[PDB]
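Okay, work.txt is below, compact mmCIF, N, CA and C atoms and all ligand atoms:
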# COMPACT_ATOMS: atom_id res chain seq x y z
N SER A 42 -41.23 -91.96 188.16
CA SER A 42 -41.68 -90.88 189.08
C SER A 42 -42.60 -91.45 190.15
N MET A 43 -43.08 -90.59 191.04
CA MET A 43 -44.12 -91.00 191.99
C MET A 43 -45.50 -90.75 191.37
N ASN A 44 -46.56 -90.77 192.18
CA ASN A 44 -47.91 -90.55 191.66
C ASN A 44 -48.31 -89.08 191.63
N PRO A 45 -49.13 -88.70 190.63
CA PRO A 45 -49.74 -87.38 190.69
C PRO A 45 -50.89 -87.42 191.68
N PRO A 46 -51.39 -86.24 192.09
CA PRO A 46 -52.66 -86.30 192.80
C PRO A 46 -53.72 -86.87 191.88
N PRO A 47 -54.75 -87.51 192.44
CA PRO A 47 -55.81 -88.06 191.60
C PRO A 47 -56.57 -86.95 190.90
N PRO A 48 -57.31 -87.26 189.83
CA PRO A 48 -58.05 -86.17 189.19
C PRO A 48 -59.06 -85.53 190.15
N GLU A 49 -59.37 -84.26 189.92
CA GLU A 49 -60.34 -83.57 190.76
C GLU A 49 -61.69 -84.25 190.61
N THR A 50 -62.45 -84.30 191.70
CA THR A 50 -63.78 -84.93 191.68
C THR A 50 -64.89 -83.99 192.12
N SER A 51 -64.55 -82.72 192.35
CA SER A 51 -65.55 -81.69 192.60
C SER A 51 -65.09 -80.39 191.99
N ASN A 52 -66.03 -79.52 191.63
CA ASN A 52 -65.69 -78.20 191.13
C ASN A 52 -66.55 -77.13 191.78
N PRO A 53 -65.96 -76.38 192.74
CA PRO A 53 -66.69 -75.35 193.49
C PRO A 53 -67.19 -74.23 192.60
N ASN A 54 -66.52 -74.02 191.48
CA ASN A 54 -66.86 -72.95 190.56
C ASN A 54 -67.62 -73.45 189.34
N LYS A 55 -68.61 -74.31 189.55
CA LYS A 55 -69.40 -74.85 188.45
C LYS A 55 -70.80 -75.20 188.95
N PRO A 56 -71.87 -74.72 188.26
CA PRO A 56 -73.22 -75.06 188.71
C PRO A 56 -73.49 -76.54 188.53
N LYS A 57 -74.53 -77.03 189.22
CA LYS A 57 -74.84 -78.46 189.24
C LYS A 57 -76.29 -78.72 188.84
N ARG A 58 -76.52 -79.83 188.14
CA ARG A 58 -77.87 -80.23 187.77
C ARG A 58 -78.05 -81.74 187.83
N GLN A 59 -79.30 -82.15 188.05
CA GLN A 59 -79.72 -83.55 187.97
C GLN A 59 -80.35 -83.81 186.60
N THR A 60 -79.93 -84.88 185.92
CA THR A 60 -80.56 -85.27 184.65
C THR A 60 -80.75 -86.79 184.60
N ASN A 61 -81.71 -87.23 183.79
CA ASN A 61 -81.94 -88.65 183.57
C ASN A 61 -80.67 -89.34 183.08
N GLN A 62 -79.99 -88.71 182.12
CA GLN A 62 -78.74 -89.25 181.57
C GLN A 62 -77.68 -89.44 182.66
N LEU A 63 -77.45 -88.40 183.46
CA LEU A 63 -76.42 -88.47 184.50
C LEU A 63 -76.76 -89.53 185.57
N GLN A 64 -78.00 -89.58 186.01
CA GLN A 64 -78.37 -90.59 187.00
C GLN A 64 -78.21 -92.01 186.42
N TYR A 65 -78.60 -92.19 185.16
CA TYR A 65 -78.41 -93.46 184.45
C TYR A 65 -76.92 -93.86 184.38
N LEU A 66 -76.06 -92.89 184.09
CA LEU A 66 -74.62 -93.13 184.02
C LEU A 66 -74.07 -93.65 185.34
N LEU A 67 -74.60 -93.17 186.46
CA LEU A 67 -74.17 -93.67 187.76
C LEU A 67 -74.80 -95.02 188.10
N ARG A 68 -76.13 -95.08 188.10
CA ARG A 68 -76.86 -96.24 188.63
C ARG A 68 -76.93 -97.44 187.68
N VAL A 69 -76.78 -97.20 186.38
CA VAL A 69 -76.80 -98.31 185.42
C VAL A 69 -75.41 -98.55 184.80
N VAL A 70 -74.80 -97.53 184.21
CA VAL A 70 -73.54 -97.73 183.49
C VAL A 70 -72.37 -98.01 184.43
N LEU A 71 -72.07 -97.05 185.30
CA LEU A 71 -70.97 -97.18 186.24
C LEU A 71 -71.16 -98.41 187.15
N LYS A 72 -72.36 -98.55 187.70
CA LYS A 72 -72.64 -99.64 188.63
C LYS A 72 -72.45 -101.03 188.00
N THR A 73 -72.89 -101.19 186.76
CA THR A 73 -72.77 -102.48 186.08
C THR A 73 -71.30 -102.80 185.76
N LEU A 74 -70.56 -101.83 185.26
CA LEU A 74 -69.12 -102.02 185.03
C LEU A 74 -68.37 -102.27 186.35
N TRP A 75 -68.76 -101.56 187.40
CA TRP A 75 -68.09 -101.67 188.70
C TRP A 75 -68.12 -103.09 189.26
N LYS A 76 -69.22 -103.80 189.02
CA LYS A 76 -69.42 -105.15 189.56
C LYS A 76 -68.85 -106.28 188.71
N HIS A 77 -68.28 -105.93 187.56
CA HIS A 77 -67.69 -106.92 186.67
C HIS A 77 -66.42 -107.51 187.29
N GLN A 78 -66.17 -108.79 187.03
CA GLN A 78 -64.99 -109.48 187.60
C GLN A 78 -63.64 -108.84 187.25
N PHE A 79 -63.60 -108.11 186.14
CA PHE A 79 -62.38 -107.46 185.68
C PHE A 79 -62.36 -105.96 185.94
N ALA A 80 -63.28 -105.47 186.77
CA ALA A 80 -63.31 -104.04 187.12
C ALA A 80 -62.14 -103.57 187.99
N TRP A 81 -61.61 -104.46 188.83
CA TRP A 81 -60.75 -104.04 189.96
C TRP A 81 -59.52 -103.19 189.58
N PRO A 82 -58.86 -103.48 188.45
CA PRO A 82 -57.71 -102.62 188.10
C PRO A 82 -58.09 -101.21 187.62
N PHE A 83 -59.38 -100.97 187.42
CA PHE A 83 -59.91 -99.69 186.94
C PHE A 83 -60.79 -98.98 187.97
N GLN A 84 -60.82 -99.49 189.20
CA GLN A 84 -61.63 -98.92 190.27
C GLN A 84 -60.93 -97.80 191.05
N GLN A 85 -59.66 -97.56 190.76
CA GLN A 85 -58.91 -96.50 191.42
C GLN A 85 -57.72 -96.11 190.54
N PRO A 86 -57.14 -94.93 190.77
CA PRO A 86 -55.97 -94.56 189.98
C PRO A 86 -54.86 -95.60 190.05
N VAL A 87 -54.15 -95.77 188.95
CA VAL A 87 -53.01 -96.66 188.94
C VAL A 87 -51.99 -96.12 189.95
N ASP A 88 -51.65 -96.95 190.94
CA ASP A 88 -50.62 -96.59 191.91
C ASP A 88 -49.27 -97.08 191.38
N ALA A 89 -48.59 -96.18 190.68
CA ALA A 89 -47.33 -96.51 190.00
C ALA A 89 -46.19 -96.80 190.97
N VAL A 90 -46.27 -96.27 192.19
CA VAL A 90 -45.23 -96.50 193.20
C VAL A 90 -45.34 -97.91 193.78
N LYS A 91 -46.54 -98.26 194.22
CA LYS A 91 -46.80 -99.59 194.74
C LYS A 91 -46.55 -100.66 193.68
N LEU A 92 -46.99 -100.40 192.46
CA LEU A 92 -46.88 -101.36 191.37
C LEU A 92 -45.53 -101.35 190.68
N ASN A 93 -44.68 -100.39 191.04
CA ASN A 93 -43.37 -100.25 190.42
C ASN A 93 -43.49 -100.09 188.91
N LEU A 94 -44.26 -99.08 188.51
CA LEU A 94 -44.42 -98.73 187.11
C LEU A 94 -43.96 -97.29 186.89
N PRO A 95 -42.65 -97.04 187.04
CA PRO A 95 -42.12 -95.66 187.00
C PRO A 95 -42.43 -94.85 185.73
N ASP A 96 -42.70 -95.50 184.60
CA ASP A 96 -42.97 -94.78 183.35
C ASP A 96 -44.46 -94.49 183.12
N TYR A 97 -45.33 -95.03 183.97
CA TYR A 97 -46.78 -94.89 183.72
C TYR A 97 -47.21 -93.44 183.52
N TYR A 98 -46.86 -92.56 184.45
CA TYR A 98 -47.27 -91.15 184.38
C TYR A 98 -46.33 -90.28 183.56
N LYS A 99 -45.31 -90.90 182.97
CA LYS A 99 -44.52 -90.29 181.91
C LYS A 99 -45.21 -90.48 180.56
N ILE A 100 -45.87 -91.61 180.40
CA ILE A 100 -46.59 -91.95 179.18
C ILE A 100 -48.05 -91.47 179.23
N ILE A 101 -48.70 -91.64 180.39
CA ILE A 101 -50.11 -91.30 180.55
C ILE A 101 -50.23 -89.97 181.29
N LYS A 102 -50.49 -88.91 180.53
CA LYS A 102 -50.60 -87.56 181.08
C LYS A 102 -52.04 -87.14 181.31
N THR A 103 -53.00 -87.98 180.90
CA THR A 103 -54.42 -87.74 181.19
C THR A 103 -55.01 -88.99 181.83
N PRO A 104 -54.59 -89.28 183.08
CA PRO A 104 -55.09 -90.49 183.75
C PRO A 104 -56.57 -90.40 184.08
N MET A 105 -57.25 -91.54 184.04
CA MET A 105 -58.65 -91.60 184.42
C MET A 105 -58.97 -93.03 184.87
N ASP A 106 -59.93 -93.14 185.78
CA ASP A 106 -60.31 -94.41 186.36
C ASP A 106 -61.76 -94.34 186.80
N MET A 107 -62.36 -95.50 187.07
CA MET A 107 -63.77 -95.53 187.42
C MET A 107 -64.05 -95.03 188.84
N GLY A 108 -63.05 -95.08 189.72
CA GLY A 108 -63.22 -94.54 191.07
C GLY A 108 -63.44 -93.04 190.99
N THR A 109 -62.61 -92.39 190.19
CA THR A 109 -62.75 -90.97 189.89
C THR A 109 -64.10 -90.66 189.24
N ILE A 110 -64.48 -91.45 188.23
CA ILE A 110 -65.75 -91.24 187.53
C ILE A 110 -66.93 -91.36 188.49
N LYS A 111 -66.90 -92.38 189.34
CA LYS A 111 -67.95 -92.59 190.33
C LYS A 111 -68.11 -91.38 191.24
N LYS A 112 -66.98 -90.88 191.75
CA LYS A 112 -67.00 -89.70 192.63
C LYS A 112 -67.47 -88.45 191.89
N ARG A 113 -67.05 -88.31 190.63
CA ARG A 113 -67.48 -87.18 189.81
C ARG A 113 -69.01 -87.18 189.63
N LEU A 114 -69.59 -88.36 189.39
CA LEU A 114 -71.04 -88.48 189.28
C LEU A 114 -71.72 -88.16 190.60
N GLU A 115 -71.23 -88.74 191.69
CA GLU A 115 -71.84 -88.53 193.00
C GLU A 115 -71.76 -87.07 193.43
N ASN A 116 -70.69 -86.40 193.02
CA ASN A 116 -70.46 -85.00 193.37
C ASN A 116 -71.06 -84.01 192.37
N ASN A 117 -71.72 -84.51 191.32
CA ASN A 117 -72.28 -83.65 190.26
C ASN A 117 -71.22 -82.81 189.54
N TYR A 118 -70.05 -83.41 189.36
CA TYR A 118 -68.95 -82.78 188.64
C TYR A 118 -69.31 -82.50 187.17
N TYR A 119 -70.11 -83.38 186.58
CA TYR A 119 -70.45 -83.29 185.16
C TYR A 119 -71.77 -82.55 184.96
N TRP A 120 -71.78 -81.59 184.04
CA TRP A 120 -73.00 -80.91 183.61
C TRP A 120 -73.58 -81.66 182.41
N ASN A 121 -72.72 -82.04 181.47
CA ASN A 121 -73.14 -82.77 180.27
C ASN A 121 -72.77 -84.26 180.37
N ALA A 122 -73.69 -85.13 179.97
CA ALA A 122 -73.45 -86.57 179.98
C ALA A 122 -72.20 -86.94 179.18
N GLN A 123 -71.96 -86.25 178.06
CA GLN A 123 -70.78 -86.53 177.24
C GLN A 123 -69.47 -86.40 178.01
N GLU A 124 -69.42 -85.52 179.01
CA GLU A 124 -68.21 -85.37 179.83
C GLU A 124 -67.85 -86.68 180.52
N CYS A 125 -68.87 -87.37 181.01
CA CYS A 125 -68.68 -88.64 181.68
C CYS A 125 -68.25 -89.73 180.69
N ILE A 126 -68.95 -89.79 179.56
CA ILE A 126 -68.62 -90.74 178.51
C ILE A 126 -67.17 -90.55 178.05
N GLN A 127 -66.74 -89.29 177.93
CA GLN A 127 -65.36 -88.98 177.54
C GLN A 127 -64.37 -89.59 178.53
N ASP A 128 -64.66 -89.45 179.81
CA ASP A 128 -63.78 -90.00 180.86
C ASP A 128 -63.63 -91.52 180.75
N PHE A 129 -64.74 -92.23 180.51
CA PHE A 129 -64.67 -93.68 180.27
C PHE A 129 -63.75 -93.95 179.07
N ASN A 130 -63.97 -93.21 177.98
CA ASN A 130 -63.18 -93.37 176.74
C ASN A 130 -61.67 -93.17 176.99
N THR A 131 -61.34 -92.14 177.76
CA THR A 131 -59.96 -91.85 178.13
C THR A 131 -59.33 -92.98 178.94
N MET A 132 -60.09 -93.53 179.88
CA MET A 132 -59.63 -94.66 180.68
C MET A 132 -59.24 -95.84 179.79
N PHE A 133 -60.12 -96.21 178.88
CA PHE A 133 -59.82 -97.32 177.97
C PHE A 133 -58.64 -96.99 177.05
N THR A 134 -58.62 -95.78 176.52
CA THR A 134 -57.56 -95.39 175.60
C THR A 134 -56.20 -95.42 176.31
N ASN A 135 -56.14 -94.94 177.54
CA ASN A 135 -54.90 -94.99 178.32
C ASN A 135 -54.34 -96.41 178.36
N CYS A 136 -55.23 -97.37 178.62
CA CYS A 136 -54.88 -98.78 178.71
C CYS A 136 -54.29 -99.26 177.38
N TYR A 137 -54.90 -98.86 176.26
CA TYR A 137 -54.42 -99.28 174.94
C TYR A 137 -53.12 -98.57 174.54
N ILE A 138 -52.87 -97.38 175.09
CA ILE A 138 -51.60 -96.69 174.87
C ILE A 138 -50.46 -97.35 175.64
N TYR A 139 -50.66 -97.56 176.93
CA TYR A 139 -49.57 -97.97 177.83
C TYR A 139 -49.17 -99.44 177.67
N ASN A 140 -50.14 -100.30 177.39
CA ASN A 140 -49.93 -101.74 177.38
C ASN A 140 -49.83 -102.32 175.96
N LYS A 141 -49.72 -103.64 175.86
CA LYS A 141 -49.55 -104.32 174.58
C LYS A 141 -50.72 -105.27 174.29
N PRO A 142 -50.98 -105.54 173.00
CA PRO A 142 -52.04 -106.49 172.65
C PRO A 142 -51.85 -107.83 173.37
N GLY A 143 -52.94 -108.38 173.90
CA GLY A 143 -52.87 -109.65 174.60
C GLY A 143 -52.47 -109.59 176.07
N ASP A 144 -52.02 -108.43 176.55
CA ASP A 144 -51.78 -108.26 177.98
C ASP A 144 -53.07 -108.52 178.74
N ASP A 145 -52.95 -109.15 179.91
CA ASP A 145 -54.09 -109.35 180.81
C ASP A 145 -54.93 -108.09 180.95
N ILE A 146 -54.27 -106.98 181.27
CA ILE A 146 -54.98 -105.73 181.52
C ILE A 146 -55.75 -105.24 180.28
N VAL A 147 -55.21 -105.49 179.10
CA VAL A 147 -55.86 -105.11 177.85
C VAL A 147 -57.11 -105.95 177.60
N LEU A 148 -57.04 -107.26 177.83
CA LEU A 148 -58.22 -108.12 177.71
C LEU A 148 -59.32 -107.69 178.70
N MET A 149 -58.90 -107.25 179.88
CA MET A 149 -59.84 -106.78 180.91
C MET A 149 -60.53 -105.48 180.46
N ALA A 150 -59.76 -104.54 179.91
CA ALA A 150 -60.33 -103.32 179.33
C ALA A 150 -61.33 -103.62 178.21
N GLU A 151 -60.98 -104.60 177.37
CA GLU A 151 -61.82 -104.97 176.23
C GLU A 151 -63.20 -105.44 176.69
N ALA A 152 -63.22 -106.29 177.72
CA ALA A 152 -64.48 -106.78 178.26
C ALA A 152 -65.30 -105.64 178.87
N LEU A 153 -64.65 -104.75 179.61
CA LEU A 153 -65.35 -103.61 180.19
C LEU A 153 -65.85 -102.66 179.11
N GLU A 154 -65.04 -102.42 178.08
CA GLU A 154 -65.45 -101.52 177.01
C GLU A 154 -66.64 -102.11 176.24
N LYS A 155 -66.61 -103.41 175.98
CA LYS A 155 -67.74 -104.08 175.35
C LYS A 155 -69.02 -103.82 176.14
N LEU A 156 -68.96 -104.08 177.44
CA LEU A 156 -70.10 -103.90 178.34
C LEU A 156 -70.56 -102.44 178.39
N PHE A 157 -69.59 -101.53 178.45
CA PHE A 157 -69.86 -100.09 178.43
C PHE A 157 -70.70 -99.69 177.21
N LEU A 158 -70.31 -100.19 176.05
CA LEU A 158 -71.04 -99.87 174.81
C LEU A 158 -72.47 -100.41 174.86
N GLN A 159 -72.64 -101.62 175.40
CA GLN A 159 -73.97 -102.21 175.56
C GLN A 159 -74.84 -101.33 176.48
N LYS A 160 -74.23 -100.80 177.54
CA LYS A 160 -74.97 -99.98 178.50
C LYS A 160 -75.26 -98.56 178.00
N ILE A 161 -74.31 -97.90 177.34
CA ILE A 161 -74.61 -96.55 176.84
C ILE A 161 -75.56 -96.59 175.65
N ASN A 162 -75.71 -97.76 175.02
CA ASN A 162 -76.72 -97.94 173.96
C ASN A 162 -78.11 -97.48 174.42
N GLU A 163 -78.45 -97.75 175.68
CA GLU A 163 -79.76 -97.42 176.24
C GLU A 163 -79.77 -96.15 177.12
N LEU A 164 -78.78 -95.28 176.91
CA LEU A 164 -78.72 -93.98 177.57
C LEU A 164 -79.98 -93.19 177.21
N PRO A 165 -80.66 -92.59 178.21
CA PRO A 165 -81.80 -91.72 177.93
C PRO A 165 -81.47 -90.54 177.02
N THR A 166 -82.50 -89.96 176.41
CA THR A 166 -82.32 -88.85 175.47
C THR A 166 -82.05 -87.54 176.21
N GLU A 167 -81.30 -86.64 175.57
CA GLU A 167 -80.91 -85.38 176.20
C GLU A 167 -82.06 -84.40 176.40
N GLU A 168 -81.95 -83.63 177.49
CA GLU A 168 -82.66 -82.34 177.70
C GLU A 168 -84.18 -82.45 177.82
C1 LIG B 1 -51.51 -104.08 185.60
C2 LIG B 1 -51.30 -102.66 186.11
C3 LIG B 1 -52.55 -101.83 185.92
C4 LIG B 1 -53.69 -101.64 186.88
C5 LIG B 1 -53.77 -102.18 188.27
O1 LIG B 1 -54.38 -101.49 189.05
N1 LIG B 1 -53.17 -103.32 188.64
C6 LIG B 1 -52.96 -103.74 189.93
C7 LIG B 1 -53.41 -103.12 191.12
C8 LIG B 1 -53.12 -103.67 192.39
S1 LIG B 1 -53.62 -102.98 193.77
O2 LIG B 1 -52.65 -103.25 194.79
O3 LIG B 1 -53.66 -101.57 193.52
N2 LIG B 1 -55.00 -103.52 194.18
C9 LIG B 1 -55.11 -104.63 195.12
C10 LIG B 1 -55.46 -105.90 194.37
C11 LIG B 1 -56.22 -102.97 193.59
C12 LIG B 1 -57.13 -102.34 194.62
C13 LIG B 1 -52.35 -104.83 192.46
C14 LIG B 1 -51.90 -105.45 191.29
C15 LIG B 1 -52.20 -104.89 190.05
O4 LIG B 1 -51.74 -105.50 188.92
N3 LIG B 1 -54.60 -100.82 186.34
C16 LIG B 1 -54.26 -100.46 185.11
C17 LIG B 1 -55.09 -99.56 184.23
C18 LIG B 1 -52.95 -101.08 184.80
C19 LIG B 1 -52.26 -100.89 183.48
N4 LIG B 1 -51.05 -101.55 183.16
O5 LIG B 1 -52.75 -100.15 182.64
NA NA B 2 -36.85 -97.91 189.61
Can you dump the structure from the file as structure tokens?
Amino acid sequence: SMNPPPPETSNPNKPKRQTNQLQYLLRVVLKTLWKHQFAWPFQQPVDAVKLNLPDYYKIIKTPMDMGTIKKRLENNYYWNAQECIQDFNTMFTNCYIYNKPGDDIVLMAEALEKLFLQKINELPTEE
């Protein structure tokens, strides 16, 4: 198939708040993963047309990427910090669903996920 529209990154029908957790998720978690040498395949939605991966969006029905997550944080899309953490988890899980052990892309996800866990370890306390 072709590509779906990217996930929504704003919600007009949802109140917005600033929290220590959410700001940390942008400025520490997202930012540190973003600058990693293996971040690039996860910085934007998988372009299945350009990459000639016709089955990607047949297999992956809940796509997620760090470009989307970054915009969601900047736009205050998330009310609860867990919403953001869930999106990271979905991104990694998609990679482990679609690909095979030892694939380049899988090793890249593994390094990012390792780093992600190190960073969310020091997430500020809620509320
Ligand atoms: C390996 C395919 C893949 C990617 C990916 O994005 N790969 C990719 C992107 C471009 S790119 O043209 O879009 N590009 C210019 C360099 C990036 C801006 C070029 C080559 C590429 O291999 N991401 C995921 C989660 C997967 C997967 N299999 O799960
Ligand atoms: Na084809």
Selection: 7 Å around range 76-85 of chain A, all atoms listed in the file, excl. self and same-chain fewer than 3 positions, as a PyMOL selection string: chain A and resi 71-73+88+105-109+149-150+153
Polymer residues at most 6.5 Å from range 57-68 of chain A, all atoms listed in the file, same-chain spacing of 6 or more positions, as a list in words: residues 114, 117, 119, 120, 122, 164, 165 and 166 of chain A
Test item: residues no farther than 12 Å from ligand LIG 1 (chain B), counting only C-alpha atoms and all ligand atoms, as an NGL selection string: :A and (79-98 or 100-101 or 104-108 or 129 or 131-151 or 153)
Expected residue set, 7 Å radius at (-70.5, -82.9, 195.4), only N, CA and C atoms, as a VMD selection string: chain A and resid 50 to 52 115 to 118
DSSP alpha helix (DSSP H) residues within chain A, as a PyMOL selection string: chain A and resi 61-65+72-75+97-100+107-115+122-139+145-161
Residue nearest residue 112 in chain A - candidates A:49, A:99, A:167, A:74, atoms counted: only N, CA and C atoms: A:49
Length of the atom C of residue 113 in chain A to atom C of residue 160 in chain A vector [Å]: 17.4 Å
